[PDB]
Each structure stands twice: as structure tokens, then as C-alpha cells.
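Working notes, structure below.
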Amino acid sequence: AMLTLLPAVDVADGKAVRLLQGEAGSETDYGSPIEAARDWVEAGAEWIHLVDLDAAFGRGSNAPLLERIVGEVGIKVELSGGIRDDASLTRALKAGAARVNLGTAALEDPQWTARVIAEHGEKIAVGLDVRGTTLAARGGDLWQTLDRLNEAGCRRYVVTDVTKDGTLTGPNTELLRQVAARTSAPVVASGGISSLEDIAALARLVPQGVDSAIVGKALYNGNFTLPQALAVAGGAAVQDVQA
């Protein structure tokens with residue numbers, strides 16, 4: 001199957017925002033999150049990657065708003081931010097999320113994380129937020145953590161190069177290849193996409209196990225439309241898709 005795009009909707013203070021290099025305080029406001037989500041559905045998305053940034057930073061929450069989005073869209077939603085314990089996981093699943101992402105919990109509560117993975121299977125992914133080879137917590141050695149999560153049976157990873165996130169500098173394809181080689185679980189690419197050629201380059205990683213990509217800033221910045229990105233992810237030529 002082609003590279004799956006997950007257009008992002010990140011929520012802070014009730015707004016759809018993008019951060020630069022994952023830094024709290026660096027938000028650019030792009031308006032209503034439910035409007036953004038509706039736009040992605042109307043563009044032909046199969047998935048949305050929906051993040052509660054306030055919860056991710058351990059500094060408040062937008063949970064009802066995210067629940068409304070998950071319930072209203074008829075497509076699959078990957079939900080992230082603040083999923084750290086049974087109450088929050090239960091809530092995310094009850095909301096109708098197709099997948100959740102664990103982040104800080106995978107580092108701080110390895111026992112709980114392994115239990116969750118064993119119980120919920122393909123509904124669970126782990127987000128690995130990488131700076132060099134060190135994990136960041138919105139956190140340990142990347143490779144040791146990855147081996148532990150593989151042993152626990154993790155079914156999917158979301159790999160973000162935090163240094164590239166929001167920067168429009170291109171994805172860290174080397175890191176993606178390195179992580180994909182280290183696991184039999186599929187990898188979702190995140191951070192740095194800037195161009196239709198970046199999407200084409202990621203689409204050539206699907207055979208290595210990078211089967212998906214989250215797209216944030218490039219869409220909100222108007223670099224390309226979501227239909228353009230989907231076209232390239234599904235094999236259209238960049239030179240044709242370019243406006």
C-alpha cells in the first residue's frame with residue numbers, strides 16, 4: 001500500500017497551531033481545529049494525526065475539543081498528547097480513536113507501557129521524539145528504548161526529529177532508515193517535511209518499513225495542498241503535481 005499521509009491537527013489553547021522545534025511558546029495560530037480537521041477530510045485524507053499539545057506539555061488539556069473532532073470525522077484518527085495512564089488511555093479509546101500514541105509514558109512507565117501494548121495491540125503506537133540519539137519528553141537513549149519496546153511487542157513507532165519539526169528543512173531520512181532497520185514494526189515519519197519532493201522521498205521508504213508520514217507545517221504554510229501531497233504519496237510525479 002502507498003505511503004499513508006496523516007495531516008496533523010495540533011491543538012493548543014483551543015486553536016490549531018504549529019510549533020517550531022517542538023518548543024512550547026513557539027506557536028503559530030491557524031484558527032479552528034475542527035475546521036482544519038474538516039478540511040483534511042474533504043481533501044481525501046484517510047487519517048488525521050490529532051495532538052493535544054497542552055496535555056503533551058503537562059500543562060492543561062483540550063480533551064473535549066479533541067473528542068468532538070474524533071467523533072465528527074468519519075475517518076481514522078491517531079490521537080496523541082497526555083496519554084499516560086489508564087484513565088487517559090480509556091478516555092482516548094472511548095472517544096473513538098483508531099490509534100493512540102504514547103510518548104512520555106513509554107519512557108517514564110515502562111511497565112505500564114508494556115501492559116498497554118499487550119492489551120491493545122494495533123491501537124497503540126509509541127512516539128519517539130529524538131534529538132540526536134536522545135529522547136525528549138514534552139528522556140533516555142533512543143536505541144536502548146527501541147530495543148525494550150520491541151521486546152514488549154510495540155506494533156508501531158512515530159519517529160520525530162525534534163530539531164527538524166516545523167522547520168521546513170526536510171525530514172531526517174537517515175534517522176528514519178536507522179530506526180526502521182532496527183524494528184519489524186512500521187514507522188511513521190514526522191518532522192521537517194517541506195516539499196512534494198520530500199513526500200516522494202518518503203514514499204520510496206515504504207519498502208523499508210516507513211509506511212506513513214505526518215505532515216504539519218508544510219500544509220498550514222500553504223507549500224502544497226493536501227490533495228497535491230496525497231497525489232505524490234500515491235505515485236503522481238512531483239513535476240506534474242507542482243502548481
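For the C-alpha cells, the naming scheme is as follows: chains receive sequential letters (A, B, ...) according to their order of presentation, residues are indexed from 1 within each chain, and ligands are indexed from 1 in presentation order.
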
Do you know which residues are at most 8 Å from residue 76 (chain A) counting only C-alpha atoms, after dropping those on the same chain fewer than 3 positions away, and could you put them as a JSON list (two decimals) with N, CA, C and O atoms, in the first residue's frame?
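Once written, selection-v5.json looks like this:
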[["chain", "number", "residue", "atom", "x", "y", "z"],
["A", 46, "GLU", "N", -7.27, 9.73, 4.68],
["A", 46, "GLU", "CA", -7.69, 8.53, 5.36],
["A", 46, "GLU", "C", -7.53, 8.60, 6.87],
["A", 46, "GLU", "O", -8.19, 7.87, 7.60],
["A", 47, "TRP", "N", -6.56, 9.40, 7.30],
["A", 47, "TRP", "CA", -6.17, 9.56, 8.69],
["A", 47, "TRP", "C", -5.97, 11.02, 9.00],
["A", 47, "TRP", "O", -5.56, 11.80, 8.12],
["A", 48, "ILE", "N", -6.17, 11.39, 10.26],
["A", 48, "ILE", "CA", -5.66, 12.61, 10.82],
["A", 48, "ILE", "C", -4.83, 12.27, 12.04],
["A", 48, "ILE", "O", -5.20, 11.37, 12.80],
["A", 73, "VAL", "N", -15.46, 13.34, 12.66],
["A", 73, "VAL", "CA", -14.94, 12.86, 11.42],
["A", 73, "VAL", "C", -15.18, 11.37, 11.27],
["A", 73, "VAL", "O", -15.09, 10.60, 12.23],
["A", 97, "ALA", "N", -10.80, 6.95, 18.97],
["A", 97, "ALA", "CA", -9.53, 6.98, 18.29],
["A", 97, "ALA", "C", -9.23, 5.64, 17.63],
["A", 97, "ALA", "O", -9.44, 4.59, 18.24],
["A", 98, "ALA", "N", -8.72, 5.66, 16.40],
["A", 98, "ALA", "CA", -8.28, 4.45, 15.72],
["A", 98, "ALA", "C", -6.94, 3.98, 16.26],
["A", 98, "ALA", "O", -6.64, 2.79, 16.24]]

Discussion item. At a cut-off of 7 Å, using only C-alpha atoms, what residues contact region 10-25 of chain A? Leave out same-chain residues fewer than 3 positions from it and give the result as a list in words.
Written reply: residues 28, 29, 30, 31, 32, 33, 50, 51, 52, 53, 54, 62, 162, 163, 164, 165, 166, 167 and 217 of chain A

Give me the residues of region 76-162 of chain A that have any atom at most 12 Å from an atom of region 207-212 of chain A; for each, the nearest atom pair and the distance in Å, rounded to one decimal. Use only C-alpha atoms, sort by chain and number, and format it as JSON lines.
{"residue": "A:78", "atom": "CA", "partner": "A:212", "partner_atom": "CA", "distance": 12.0}
{"residue": "A:155", "atom": "CA", "partner": "A:209", "partner_atom": "CA", "distance": 11.9}
{"residue": "A:156", "atom": "CA", "partner": "A:211", "partner_atom": "CA", "distance": 10.0}
{"residue": "A:157", "atom": "CA", "partner": "A:210", "partner_atom": "CA", "distance": 9.5}
{"residue": "A:158", "atom": "CA", "partner": "A:212", "partner_atom": "CA", "distance": 9.0}
{"residue": "A:159", "atom": "CA", "partner": "A:210", "partner_atom": "CA", "distance": 9.7}

Practice prompt. Extract, using only C-alpha atoms, all DNA, RNA and protein residues at most 12 Å from residue 77 (chain A), discarding same-chain residues fewer than 6 positions from it, and format them as a PyMOL selection string.
Written response: chain A and resi 5-9+37+40-41+45-51+66-71+92-93+95-101+123+214

Written selection (C-alpha atoms) as a PDB file, in the first residue's frame:
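Result file selection39.pdb:
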ATOM      1  CA  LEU A   5      -0.276  10.610   4.920  1.00  0.00           C
ATOM      2  CA  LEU A   6      -1.556  11.791   8.270  1.00  0.00           C
ATOM      3  CA  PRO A   7      -2.214  15.528   8.053  1.00  0.00           C
ATOM      4  CA  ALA A   8      -1.773  16.962  11.523  1.00  0.00           C
ATOM      5  CA  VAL A   9      -4.051  18.980  13.742  1.00  0.00           C
ATOM      6  CA  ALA A  37      -9.845  18.559  10.517  1.00  0.00           C
ATOM      7  CA  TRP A  40      -8.391  17.328   5.729  1.00  0.00           C
ATOM      8  CA  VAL A  41     -11.390  15.011   5.412  1.00  0.00           C
ATOM      9  CA  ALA A  45      -7.384  12.039   3.970  1.00  0.00           C
ATOM     10  CA  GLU A  46      -7.690   8.526   5.363  1.00  0.00           C
ATOM     11  CA  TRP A  47      -6.167   9.563   8.694  1.00  0.00           C
ATOM     12  CA  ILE A  48      -5.655  12.613  10.824  1.00  0.00           C
ATOM     13  CA  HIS A  49      -2.945  12.896  13.460  1.00  0.00           C
ATOM     14  CA  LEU A  50      -4.599  14.867  16.282  1.00  0.00           C
ATOM     15  CA  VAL A  51      -2.474  16.167  19.134  1.00  0.00           C
ATOM     16  CA  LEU A  66     -10.431  16.643  20.599  1.00  0.00           C
ATOM     17  CA  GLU A  67     -13.291  14.259  21.470  1.00  0.00           C
ATOM     18  CA  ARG A  68     -15.633  16.320  19.367  1.00  0.00           C
ATOM     19  CA  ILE A  69     -13.254  16.142  16.417  1.00  0.00           C
ATOM     20  CA  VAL A  70     -12.744  12.380  16.694  1.00  0.00           C
ATOM     21  CA  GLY A  71     -16.475  11.820  16.933  1.00  0.00           C
ATOM     22  CA  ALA A  92      -8.933   8.255  24.224  1.00  0.00           C
ATOM     23  CA  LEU A  93     -10.206   4.838  23.148  1.00  0.00           C
ATOM     24  CA  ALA A  95     -13.572   8.795  22.149  1.00  0.00           C
ATOM     25  CA  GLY A  96     -13.218   6.607  19.098  1.00  0.00           C
ATOM     26  CA  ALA A  97      -9.526   6.984  18.286  1.00  0.00           C
ATOM     27  CA  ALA A  98      -8.278   4.452  15.716  1.00  0.00           C
ATOM     28  CA  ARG A  99      -4.832   4.628  17.303  1.00  0.00           C
ATOM     29  CA  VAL A 100      -3.228   6.329  20.187  1.00  0.00           C
ATOM     30  CA  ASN A 101       0.274   7.407  20.757  1.00  0.00           C
ATOM     31  CA  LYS A 123      -4.465   0.538  18.754  1.00  0.00           C
ATOM     32  CA  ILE A 214       2.667  13.062   9.442  1.00  0.00           C
TER      33      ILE A 214
END

Practice prompt. Compile the contact shell of residue 145 (chain A) as number ranges by chain: residues with an atom at most 10 Å away, counting only C-alpha atoms, same-chain residues fewer than 6 positions apart removed.
Written response: A: 106-107, 110, 128, 134-135, 139, 151

With N, CA and C atoms kept, could you save the residues just selected as a PDB file, in the first residue's frame?
ATOM      1  N   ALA A 106       6.093   5.994  27.736  1.00  0.00           N
ATOM      2  CA  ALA A 106       6.943   4.931  27.247  1.00  0.00           C
ATOM      3  C   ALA A 106       8.297   5.051  27.874  1.00  0.00           C
ATOM      4  N   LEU A 107       8.659   6.257  28.291  1.00  0.00           N
ATOM      5  CA  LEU A 107       9.941   6.469  28.963  1.00  0.00           C
ATOM      6  C   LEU A 107       9.836   6.356  30.485  1.00  0.00           C
ATOM      7  N   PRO A 110       7.727   2.195  31.943  1.00  0.00           N
ATOM      8  CA  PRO A 110       7.903   1.077  31.020  1.00  0.00           C
ATOM      9  C   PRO A 110       6.971  -0.094  31.302  1.00  0.00           C
ATOM     10  N   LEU A 128       8.472   8.414  19.521  1.00  0.00           N
ATOM     11  CA  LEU A 128       9.861   8.608  19.862  1.00  0.00           C
ATOM     12  C   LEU A 128      10.283   9.974  19.343  1.00  0.00           C
ATOM     13  N   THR A 134      19.075  11.051  21.681  1.00  0.00           N
ATOM     14  CA  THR A 134      18.494  11.192  22.987  1.00  0.00           C
ATOM     15  C   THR A 134      17.000  11.457  22.849  1.00  0.00           C
ATOM     16  N   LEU A 135      16.184  10.831  23.681  1.00  0.00           N
ATOM     17  CA  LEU A 135      14.761  11.054  23.642  1.00  0.00           C
ATOM     18  C   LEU A 135      14.354  12.259  24.456  1.00  0.00           C
ATOM     19  N   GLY A 139      15.174  12.110  28.023  1.00  0.00           N
ATOM     20  CA  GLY A 139      14.224  11.039  28.251  1.00  0.00           C
ATOM     21  C   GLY A 139      14.812   9.669  27.972  1.00  0.00           C
ATOM     22  N   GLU A 151      10.976  -5.622  22.430  1.00  0.00           N
ATOM     23  CA  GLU A 151      10.780  -6.779  23.284  1.00  0.00           C
ATOM     24  C   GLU A 151       9.382  -6.822  23.869  1.00  0.00           C
TER      25      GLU A 151
END

Worksheet item: So which residues of region 101-192 of chain A fall under strand (DSSP E or B) by DSSP, listed as a list in words?
Response: residues 101, 102, 124, 125, 126, 127, 128, 129, 130, 131, 134, 135, 141, 157, 158, 159, 160, 161, 187, 188, 189 and 190 of chain A
